[PDB]
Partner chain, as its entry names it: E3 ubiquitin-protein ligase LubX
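Quick heads-up: it's one chain on its own, the form solved without its partner chain, in structure tokens.
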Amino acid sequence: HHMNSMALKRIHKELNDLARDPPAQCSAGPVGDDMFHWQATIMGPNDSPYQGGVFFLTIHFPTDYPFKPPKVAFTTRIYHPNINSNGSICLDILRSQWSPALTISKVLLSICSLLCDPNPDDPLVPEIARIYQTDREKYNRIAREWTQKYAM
């Protein structure tokens, strides 16, 4: 017979790799004994208006990982064009551009990259995209305000 544990082995591998080479601002791991449900924490990137913030996420790996992406959501509020009040993240690799070559460390690094470099032309929060496009000084000030309001 078969053992059906290859997703679990992949997730374990990815967890061990994460400990040895952490994406710098980030921690992540299983909530308790369930390897398919993780929590994560992202410290606001230093050259970003989220500096000083601590943002919590949930990660749910599918049973057929790595052949489908993990489902990742923010649980902390953030002022960003691509992350909505439900914590949903608009990031290509979590949708059409997922590859089984990717890993949770790559996903966390890409979220951090998104925090630094929003994609305002593919928004989940259209006002925040508008402010980003038209008045970056205002965007950074409000993003700092919200970091202090919700993420510190």
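Numbering follows the first chain given and starts at 1.
One more form of this protein exists, namely the form solved in complex with its partner chain; it is left out here, but the text below deals with it.
- Using a 4.5 angstroms limit between non-hydrogen atoms, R20 touches its partner chain in the bound PDB entry.
- For the chain shown alone, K13 is a contact residue for its partner chain in the bound PDB entry, at least one non-hydrogen atom being within 4.5 angstroms.
- Using a 4.5 Å cutoff between non-hydrogen atoms, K9 counts as a contact of its partner chain in the bound PDB entry.
- Using a 4.5 Å cut-off on any heavy atom, none of the residues of 31 to 47 reaches its partner chain in the bound PDB entry.
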